[PDB]
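Undergrad:
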Amino acid sequence: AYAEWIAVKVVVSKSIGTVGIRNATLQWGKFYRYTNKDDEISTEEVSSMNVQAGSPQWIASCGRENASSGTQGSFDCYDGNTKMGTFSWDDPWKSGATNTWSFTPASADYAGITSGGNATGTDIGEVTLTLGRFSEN
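Using the authors' numbering, the letters of the sequence shown map in sequence onto residues 2 to 138.
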(Lines of atoms letter the chains of each structure in order from A and count residues from 1; the text may use other names and numbers.)
(Lines give C-alpha, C1' and ligand atoms only; values in the text may rest on other atoms or scores of the structure.)
Protein backbone atom coordinates (compact mmCIF):
# COMPACT_ATOMS: atom_id res chain seq x y z
CA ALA A 1 0.00 0.00 0.00
CA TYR A 2 0.98 3.67 -0.16
CA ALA A 3 1.54 3.57 3.63
CA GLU A 4 4.75 1.56 3.10
CA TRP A 5 7.26 4.06 1.70
CA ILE A 6 10.89 5.23 1.76
CA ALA A 7 12.43 8.44 0.43
CA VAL A 8 16.23 8.58 0.12
CA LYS A 9 17.89 12.02 0.07
CA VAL A 10 21.08 11.63 -2.02
CA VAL A 11 23.70 14.09 -0.69
CA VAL A 12 26.85 14.26 -2.85
CA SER A 13 30.02 15.62 -1.29
CA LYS A 14 32.30 18.00 -3.13
CA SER A 15 34.84 15.16 -2.81
CA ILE A 16 32.90 13.52 -5.71
CA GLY A 17 31.05 16.32 -7.54
CA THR A 18 28.56 14.19 -9.51
CA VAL A 19 27.03 10.79 -8.68
CA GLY A 20 25.28 8.67 -11.30
CA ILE A 21 22.28 6.69 -10.04
CA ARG A 22 22.26 3.43 -12.04
CA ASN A 23 20.87 -0.10 -11.99
CA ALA A 24 17.71 0.68 -10.02
CA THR A 25 15.54 -2.37 -9.33
CA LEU A 26 12.35 -3.19 -7.44
CA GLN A 27 11.23 -6.52 -6.08
CA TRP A 28 8.03 -4.89 -4.76
CA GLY A 29 6.44 -1.46 -5.18
CA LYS A 30 7.01 1.49 -7.50
CA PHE A 31 9.20 4.57 -7.74
CA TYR A 32 7.48 7.96 -7.50
CA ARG A 33 8.31 11.66 -7.84
CA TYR A 34 8.63 12.69 -4.18
CA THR A 35 6.30 13.61 -2.54
CA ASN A 36 3.43 12.52 -4.87
CA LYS A 37 2.84 8.75 -4.71
CA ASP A 38 0.51 8.93 -7.75
CA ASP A 39 3.32 10.31 -9.97
CA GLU A 40 5.07 7.08 -10.94
CA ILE A 41 8.64 7.25 -12.30
CA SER A 42 10.07 4.36 -14.32
CA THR A 43 13.07 2.35 -13.19
CA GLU A 44 14.80 3.55 -16.37
CA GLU A 45 14.33 7.20 -15.38
CA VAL A 46 15.63 6.62 -11.84
CA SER A 47 18.62 4.81 -13.44
CA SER A 48 19.39 7.93 -15.52
CA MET A 49 19.66 10.44 -12.64
CA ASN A 50 22.85 12.45 -12.06
CA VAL A 51 23.03 14.13 -8.63
CA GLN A 52 25.30 17.18 -8.17
CA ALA A 53 27.14 18.28 -5.04
CA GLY A 54 25.20 21.02 -3.28
CA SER A 55 21.82 20.08 -4.84
CA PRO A 56 20.45 16.89 -3.22
CA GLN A 57 17.79 14.87 -5.05
CA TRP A 58 15.35 12.29 -3.66
CA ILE A 59 14.66 8.70 -4.75
CA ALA A 60 11.28 7.61 -3.36
CA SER A 61 9.44 4.29 -3.48
CA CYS A 62 6.15 3.03 -2.04
CA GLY A 63 3.96 -0.03 -2.18
CA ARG A 64 1.47 -0.29 -5.00
CA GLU A 65 -1.85 1.32 -4.17
CA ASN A 66 -4.15 -0.82 -1.98
CA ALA A 67 -1.77 -3.80 -2.30
CA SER A 68 -0.99 -6.07 0.65
CA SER A 69 2.72 -5.64 -0.12
CA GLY A 70 5.28 -2.91 0.57
CA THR A 71 8.42 -1.67 -1.15
CA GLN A 72 11.76 -3.47 -1.60
CA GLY A 73 14.52 -2.58 -4.04
CA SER A 74 17.94 -1.07 -4.65
CA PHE A 75 19.99 1.38 -6.69
CA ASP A 76 23.72 1.74 -7.40
CA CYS A 77 25.85 4.88 -7.04
CA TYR A 78 28.67 5.56 -9.54
CA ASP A 79 31.53 8.10 -9.71
CA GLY A 80 31.94 8.19 -13.48
CA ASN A 81 32.85 4.63 -14.53
CA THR A 82 33.72 3.57 -10.95
CA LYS A 83 31.15 1.84 -8.73
CA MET A 84 30.75 3.48 -5.31
CA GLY A 85 28.23 1.06 -3.80
CA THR A 86 24.60 -0.05 -3.54
CA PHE A 87 21.68 1.29 -1.48
CA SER A 88 19.00 -1.32 -0.64
CA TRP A 89 15.82 -1.35 1.47
CA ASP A 90 12.91 -3.55 2.56
CA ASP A 91 9.65 -2.14 3.99
CA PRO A 92 7.16 -5.03 4.34
CA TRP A 93 3.39 -4.70 4.59
CA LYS A 94 2.75 -7.52 7.06
CA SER A 95 2.96 -6.75 10.76
CA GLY A 96 5.56 -8.18 13.11
CA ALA A 97 8.60 -7.54 10.91
CA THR A 98 11.48 -5.06 10.97
CA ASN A 99 12.24 -2.62 8.17
CA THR A 100 15.81 -2.65 6.89
CA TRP A 101 18.02 -0.45 4.71
CA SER A 102 21.73 -0.14 4.00
CA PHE A 103 24.47 1.30 1.84
CA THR A 104 27.17 -1.24 0.94
CA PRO A 105 30.41 0.34 -0.36
CA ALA A 106 32.19 -1.26 -3.31
CA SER A 107 35.57 -0.43 -1.72
CA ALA A 108 37.04 1.80 0.96
CA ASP A 109 37.47 4.56 -1.64
CA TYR A 110 33.82 5.62 -1.09
CA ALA A 111 31.42 5.77 1.85
CA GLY A 112 27.68 6.30 2.11
CA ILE A 113 26.59 7.22 5.63
CA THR A 114 22.88 6.95 6.44
CA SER A 115 20.78 8.91 8.91
CA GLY A 116 17.10 8.69 9.78
CA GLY A 117 14.54 6.00 9.01
CA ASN A 118 11.97 4.03 11.03
CA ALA A 119 13.00 0.46 11.86
CA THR A 120 9.53 -0.49 13.12
CA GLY A 121 7.18 2.02 11.50
CA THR A 122 4.62 1.20 8.86
CA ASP A 123 6.97 3.24 6.63
CA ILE A 124 10.74 3.63 6.66
CA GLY A 125 10.21 7.29 5.79
CA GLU A 126 13.00 9.74 4.99
CA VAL A 127 16.60 8.46 5.03
CA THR A 128 19.58 10.69 4.18
CA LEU A 129 22.48 9.10 2.25
CA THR A 130 25.69 11.18 2.40
CA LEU A 131 28.28 10.09 -0.19
CA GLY A 132 31.98 10.91 -0.29
CA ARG A 133 35.40 9.83 -1.53
CA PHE A 134 37.93 8.79 1.12
CA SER A 135 41.57 7.85 1.72
CA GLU A 136 43.06 5.92 4.60
CA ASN A 137 44.58 7.88 7.50
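We treat Cβ as the ideally placed atom computed from N, Cα and C, and that holds for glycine.
Is the beta carbon of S75 closer than 8 Å to that of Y33?
TA: Indexing the sequence shown from 1 puts residue 33 at position 32. Indexing the sequence shown from 1 puts residue 75 at position 74. No, the pair does not count as a contact, with Cβ atoms beyond the cut-off.
Undergrad: Nearest to residue 1 by alpha carbon, out of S43, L27, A68 and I114?
TA: Absent from the model: residue 1. The displayed extent of the chain is 2 to 138, so no value can be given.
Undergrad: Select from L130, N138, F135 and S136 the residue whose C-alpha is nearest the C-alpha of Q58.
TA: Residue 58 sits at position 57 when you count from the first residue of the sequence shown. Per the Cα distances, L130.
Undergrad: Can you grab the Cα-Cα spacing for the pair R23 / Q73, in whole Å?
TA: If you number the sequence shown from 1, residue 23 lands on position 22. If you number the sequence shown from 1, residue 73 lands on position 72. Whole-angstrom Cα-Cα distance: 16 Å.
Undergrad: Leaving out the 5 sequence neighbours to the left and right, which residues in its chain are closer than 6 Å to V52 when beta-carbon positions are compared?
TA: Taking the first residue of the sequence shown as position 1, residue 52 is located at position 51. Closer than 6 Å at the Cβ level, and outside the excluded window around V52, lie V11, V13, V20 and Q58.
Undergrad: With which residues is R23 paired in a DSSP beta bridge?
TA: Here residue 23 corresponds to residue number 22 of the sequence shown, with the count starting at 1. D77.
Undergrad: Do you know whose CA, among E45, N100 and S136, lies nearest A25's CA?
TA: As a first step, residue 25 must be located in the sequence shown, where it is residue number 24. The shortest C-alpha separation from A25 is found at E45.
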